[PDB]
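Visitor: Shown below is the structure under consideration.
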Amino acid sequence: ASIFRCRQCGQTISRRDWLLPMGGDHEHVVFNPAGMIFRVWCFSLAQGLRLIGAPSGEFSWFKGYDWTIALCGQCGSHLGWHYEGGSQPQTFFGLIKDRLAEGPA
Ligand SMILES: O=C1CC[C@H](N2C(=O)c3ccccc3C2=O)C(=O)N1
Ligand SMILES: [Zn+2]
């Protein structure tokens, strides 16, 4: 089965069935302009989230997709981002592995 929760509150965010092989792997190692290296896991579906701010294509790690920040809908923890703007798929979620916790139903 297997699902992914907000590590700060237990909120259910997504699950393994929903991983999306972007580029060929669901996991991307990236860094940002702050010099922080995350591991980002890509889902085609997520629930339990609140999106914040405007879509933005600056700094995007993924070609043709703008991002908006995704917060845990329950606790406000920054779980990662929602991506929109592209084709096959149009939108998807890029979530910071470290901020989730993977366990069972
Ligand atoms: O696709 C993305 C999501 C946004 C993400 N991001 C951050 O992790 C960051 C940290 C500090 C300043 C600016 C940003 C930025 O745009 C980033 O670098 N790429
Ligand atoms: Zn939470």
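In the structure tokens, the first chain shown is A, the next is B, and so on; residue numbers restart at 1 for each chain, and ligands run from 1 in the order shown.
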Write down as a PyMOL selection string the residues of range 7-103 of chain A whose backbone DSSP state falls under strand (DSSP E).

Guide: chain A and resi 12-15+27-31+37-43+49-56+66-72+78-84+92-96+100-103

Visitor: Could you write out that same residue set with N, CA and C atoms as a short mmCIF file (atom, residue, chain, number, x, y, z; two decimals), in the first residue's frame?

Guide:
```cif
data_model
loop_
_atom_site.label_atom_id
_atom_site.label_comp_id
_atom_site.auth_asym_id
_atom_site.auth_seq_id
_atom_site.Cartn_x
_atom_site.Cartn_y
_atom_site.Cartn_z
N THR A 12 -1.99 13.29 6.28
CA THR A 12 -1.73 12.50 5.10
C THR A 12 -1.68 13.37 3.85
N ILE A 13 -0.55 13.28 3.15
CA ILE A 13 -0.31 14.10 2.00
C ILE A 13 -0.41 13.38 0.69
N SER A 14 0.14 12.18 0.60
CA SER A 14 0.14 11.45 -0.68
C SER A 14 0.48 10.00 -0.48
N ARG A 15 0.84 9.32 -1.55
CA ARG A 15 1.21 7.93 -1.38
C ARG A 15 2.04 7.37 -2.50
N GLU A 27 12.59 10.74 -7.77
CA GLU A 27 13.46 11.47 -6.86
C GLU A 27 14.42 12.35 -7.62
N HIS A 28 14.51 13.60 -7.20
CA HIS A 28 15.48 14.54 -7.76
C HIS A 28 16.32 15.13 -6.67
N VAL A 29 17.65 15.05 -6.78
CA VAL A 29 18.50 15.83 -5.89
C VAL A 29 18.68 17.22 -6.50
N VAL A 30 18.44 18.25 -5.69
CA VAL A 30 18.58 19.62 -6.15
C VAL A 30 19.23 20.44 -5.10
N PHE A 31 19.79 21.57 -5.48
CA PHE A 31 19.98 22.66 -4.52
C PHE A 31 19.29 23.93 -4.93
N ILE A 37 20.87 21.73 -0.21
CA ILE A 37 20.44 20.58 -1.03
C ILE A 37 19.28 19.72 -0.40
N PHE A 38 18.08 19.83 -0.97
CA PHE A 38 16.95 18.89 -0.80
C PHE A 38 16.98 17.61 -1.71
N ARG A 39 16.17 16.62 -1.37
CA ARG A 39 15.77 15.56 -2.25
C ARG A 39 14.29 15.74 -2.45
N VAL A 40 13.87 15.86 -3.70
CA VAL A 40 12.50 16.16 -4.02
C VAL A 40 11.84 14.95 -4.65
N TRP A 41 10.70 14.58 -4.11
CA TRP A 41 9.94 13.47 -4.63
C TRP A 41 8.73 14.03 -5.36
N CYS A 42 8.46 13.47 -6.53
CA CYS A 42 7.43 13.94 -7.42
C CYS A 42 6.15 13.12 -7.38
N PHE A 43 5.05 13.75 -7.01
CA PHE A 43 3.75 13.10 -7.04
C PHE A 43 2.84 13.73 -8.08
N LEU A 49 -3.08 19.86 1.30
CA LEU A 49 -2.14 20.98 1.19
C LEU A 49 -2.81 22.30 0.96
N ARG A 50 -2.14 23.38 1.35
CA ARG A 50 -2.50 24.74 1.02
C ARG A 50 -1.42 25.39 0.18
N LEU A 51 -1.80 25.94 -0.98
CA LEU A 51 -0.87 26.68 -1.86
C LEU A 51 -0.87 28.14 -1.51
N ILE A 52 0.29 28.75 -1.64
CA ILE A 52 0.54 30.07 -1.13
C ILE A 52 1.26 30.83 -2.25
N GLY A 53 0.96 32.13 -2.38
CA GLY A 53 1.68 33.03 -3.29
C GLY A 53 1.39 32.77 -4.76
N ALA A 54 2.12 33.44 -5.63
CA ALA A 54 1.84 33.42 -7.06
C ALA A 54 2.67 32.38 -7.77
N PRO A 55 2.16 31.85 -8.89
CA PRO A 55 3.07 30.97 -9.65
C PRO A 55 4.28 31.76 -10.07
N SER A 56 5.42 31.11 -10.06
CA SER A 56 6.71 31.71 -10.30
C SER A 56 7.57 30.72 -11.06
N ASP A 66 5.95 26.46 -13.72
CA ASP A 66 6.07 27.48 -12.69
C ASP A 66 5.70 26.80 -11.37
N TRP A 67 6.16 27.36 -10.25
CA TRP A 67 5.90 26.79 -8.92
C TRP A 67 5.17 27.75 -8.03
N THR A 68 4.43 27.14 -7.11
CA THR A 68 3.83 27.86 -6.01
C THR A 68 4.14 26.98 -4.78
N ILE A 69 4.34 27.61 -3.64
CA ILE A 69 4.76 26.93 -2.43
C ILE A 69 3.60 26.16 -1.89
N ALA A 70 3.85 24.93 -1.48
CA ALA A 70 2.86 24.09 -0.83
C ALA A 70 3.11 23.98 0.67
N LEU A 71 2.13 24.39 1.48
CA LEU A 71 2.18 24.17 2.92
C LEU A 71 1.28 23.02 3.32
N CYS A 72 1.65 22.31 4.40
CA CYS A 72 0.75 21.34 5.02
C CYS A 72 -0.45 22.11 5.36
N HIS A 78 6.27 23.78 5.60
CA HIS A 78 6.59 23.84 4.19
C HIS A 78 6.98 22.46 3.71
N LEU A 79 6.08 21.83 2.97
CA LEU A 79 6.31 20.52 2.41
C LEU A 79 6.93 20.55 1.03
N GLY A 80 6.81 21.67 0.31
CA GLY A 80 7.43 21.72 -1.02
C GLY A 80 6.63 22.56 -1.96
N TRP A 81 6.45 22.09 -3.19
CA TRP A 81 5.76 22.93 -4.19
C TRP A 81 4.81 22.20 -5.17
N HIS A 82 3.89 22.99 -5.73
CA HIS A 82 3.00 22.56 -6.78
C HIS A 82 3.54 23.13 -8.09
N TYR A 83 3.60 22.31 -9.11
CA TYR A 83 4.09 22.72 -10.41
C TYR A 83 2.96 22.67 -11.41
N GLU A 84 2.85 23.71 -12.21
CA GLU A 84 1.82 23.82 -13.26
C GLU A 84 2.51 24.52 -14.41
N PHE A 92 1.79 18.97 -11.21
CA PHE A 92 2.30 17.89 -10.33
C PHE A 92 2.95 18.47 -9.07
N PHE A 93 3.26 17.61 -8.10
CA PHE A 93 3.77 18.09 -6.82
C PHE A 93 5.21 17.69 -6.66
N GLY A 94 6.02 18.57 -6.10
CA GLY A 94 7.44 18.30 -5.88
C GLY A 94 7.64 18.51 -4.42
N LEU A 95 7.90 17.43 -3.70
CA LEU A 95 7.82 17.50 -2.27
C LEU A 95 9.13 17.09 -1.68
N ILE A 96 9.48 17.74 -0.57
CA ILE A 96 10.77 17.56 0.07
C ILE A 96 10.75 16.29 0.92
N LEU A 100 8.48 14.74 4.92
CA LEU A 100 7.45 13.75 4.96
C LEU A 100 7.95 12.58 5.79
N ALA A 101 7.03 11.69 6.08
CA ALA A 101 7.37 10.51 6.75
C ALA A 101 6.59 9.40 6.09
N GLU A 102 7.28 8.36 5.63
CA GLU A 102 6.62 7.30 4.88
C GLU A 102 6.33 6.16 5.80
N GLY A 103 5.06 5.78 5.87
CA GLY A 103 4.65 4.58 6.60
C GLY A 103 3.43 3.96 5.99
#
```

Visitor: Any residue with an atom at most 6 Å from ligand 1 counts, using only C-alpha atoms and all ligand atoms. Which are they? Put them as a VMD selection string.

Guide: chain A and resid 32 to 34 59 to 61 67

Visitor: Go ahead and save the picked residues with N, CA, C and O atoms, as an mmCIF file, in the first residue's frame.

Guide:
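New file part.cif:
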```
data_model
loop_
_atom_site.group_PDB
_atom_site.id
_atom_site.type_symbol
_atom_site.label_atom_id
_atom_site.label_comp_id
_atom_site.auth_asym_id
_atom_site.auth_seq_id
_atom_site.Cartn_x
_atom_site.Cartn_y
_atom_site.Cartn_z
ATOM 1 N N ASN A 32 19.132 24.844 -3.978
ATOM 2 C CA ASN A 32 18.501 26.125 -4.245
ATOM 3 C C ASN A 32 19.505 27.281 -4.092
ATOM 4 O O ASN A 32 20.679 27.067 -3.770
ATOM 5 N N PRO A 33 19.045 28.521 -4.328
ATOM 6 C CA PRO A 33 19.935 29.649 -4.259
ATOM 7 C C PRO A 33 20.402 29.929 -2.857
ATOM 8 O O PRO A 33 21.379 30.557 -2.691
ATOM 9 N N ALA A 34 19.727 29.424 -1.841
ATOM 10 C CA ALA A 34 20.285 29.485 -0.478
ATOM 11 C C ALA A 34 21.426 28.535 -0.217
ATOM 12 O O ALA A 34 22.044 28.644 0.818
ATOM 13 N N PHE A 59 13.980 30.278 -10.868
ATOM 14 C CA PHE A 59 14.579 29.203 -10.113
ATOM 15 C C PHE A 59 13.950 27.820 -10.320
ATOM 16 O O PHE A 59 14.365 26.885 -9.643
ATOM 17 N N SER A 60 12.974 27.654 -11.206
ATOM 18 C CA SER A 60 12.283 26.373 -11.258
ATOM 19 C C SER A 60 13.266 25.292 -11.600
ATOM 20 O O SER A 60 14.048 25.487 -12.513
ATOM 21 N N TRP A 61 13.220 24.165 -10.889
ATOM 22 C CA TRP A 61 14.069 23.022 -11.223
ATOM 23 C C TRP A 61 13.581 22.211 -12.399
ATOM 24 O O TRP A 61 14.343 21.373 -12.883
ATOM 25 N N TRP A 67 6.159 27.363 -10.247
ATOM 26 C CA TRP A 67 5.898 26.789 -8.925
ATOM 27 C C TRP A 67 5.167 27.748 -8.033
ATOM 28 O O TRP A 67 5.275 28.996 -8.162
#
```

Visitor: Quick one: pull the distance between CA of residue 73 in chain A and CA of residue 23 in chain A, Å, one decimal.

Guide: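 Taking CA of residue 73 in chain A as the start and CA of residue 23 in chain A as the end point, the length is 28.2 Å.
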
Visitor: Any residue with an atom at most 8 Å from ligand 2 counts, using only C-alpha atoms and all ligand atoms. Which are they? Put them as a list in words.

Guide: residues 5, 6, 7, 8, 9, 10, 11, 71, 72, 73, 74, 75, 76 and 77 of chain A

Visitor: For a test of reading the model, state the distance in Å between CA of residue 36 in chain A and CA of residue 19 in chain A, rounded to one decimal.

Guide: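 Between CA of residue 36 in chain A and CA of residue 19 in chain A the gap is 23.4 Å.
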
Visitor: Which is closest to residue 1 in chain A among A:48, A:85, A:105, A:99, if we use only C-alpha atoms?

Guide: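 Counting only C-alpha atoms, the residue closest to residue 1 in chain A is A:105.
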
Visitor: When you draw a straight line from CA of residue 20 in chain A to CA of residue 4 in chain A, how long is it in Å?

Guide: 14.0 Å

Visitor: Per DSSP on the backbone, what are the helix (DSSP H, G or I) residues of chain A, as a count of residues only?

Guide: 6
